[PDB]
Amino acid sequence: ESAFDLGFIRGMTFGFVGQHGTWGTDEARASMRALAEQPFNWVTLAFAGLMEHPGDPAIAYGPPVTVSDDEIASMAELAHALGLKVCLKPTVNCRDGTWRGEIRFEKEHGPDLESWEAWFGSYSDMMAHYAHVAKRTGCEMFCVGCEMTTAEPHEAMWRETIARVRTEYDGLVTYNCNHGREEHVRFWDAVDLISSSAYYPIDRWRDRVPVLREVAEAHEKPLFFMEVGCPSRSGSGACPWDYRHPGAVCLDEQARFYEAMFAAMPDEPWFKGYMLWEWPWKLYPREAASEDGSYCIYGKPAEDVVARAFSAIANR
């Protein structure tokens, strides 16, 4: 169905970074079952192809690097049988640890150089491949990119990648920008839904909503969060995007983040919901949650905070 008619998204991201073999495990199947017991109507299957360095245009994806096409199909099939809609979200990470939002090339053109042209060649090839996987596996959404801040001004190359995806895939298409980039992306017209990694600090939510509304209304597209969440660590609510943030385990900090977000987001048709970050393919037991400092909400007060809000939206 169309974008404005879409049911409000109550989602969870699963299985990142999608290392080869991990989703084909009994653990992954048990973890997906646990995810589906929460009041989620969506799951995002997220995984990363690999670049050697942020200036290398070559991208390694598929086995032995990523989960296989069969592993993706297995997870999509399981999620679908459990009543979830599925977004497929391929992305790229750098082996040297450089954030994908900082990839950069010295040249725009040159197919045998380290150019934006060469990289988008590799990236378009990868996205076409997974767009075809998404079609074959009946995925209801496909995400053409995540947090690609340095790549964004290459509008023509993004439009090509999107047109290539459209060729392979006729479901809903989004691009996932970083927090603070919602108003900066210039190709929102080429996708069906505007999405962002909305890691806004606890105290920034109320202030940020107006611009988010303005972005949705300006481009006449619904907007949702392709990533939102907070680690259960002390002070993390001030820097939700940072998985490396040092601090004692703190379950309340994560809960406060979710409460602040839910409090600030209006019940207005331009806003289409939440794809939470994140759920592991190997899920810890409930009792171990008090020791866990990750983004996962399982077994923590945030689980209940999320369940209450999502159930209320669901049972309406």
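Just count from 1 along the sequence shown to find any residue number.
Note on 123 to 131 vs 229 to 237: mean CA B-factor is higher in 229 to 237. Comparing 41 to 49 with 64 to 72, the stretch with the higher mean C-alpha B-factor in the PDB entry is 64 to 72.
Residue set 192, 147, 203, 214: peak C-alpha B-factor at 203 (per PDB entry). In the deposited entry, the Cα temperature factor of residue 30 places it in the middle third of its chain's modelled residues. Residue-level temperature factors show residue 275 in the lowest third of its chain, judged at the C-alpha atom. Annotation for residue 15: C-alpha temperature factor in the lowest third relative to the rest of the modelled chain, per the entry.
Among the modelled residues of its chain, residue 210 has a C-alpha B-factor that falls in the highest third according to the deposited record. Compared with the other modelled residues of the chain, the Cα B-factor recorded for residue 138 ranks in the lowest third.
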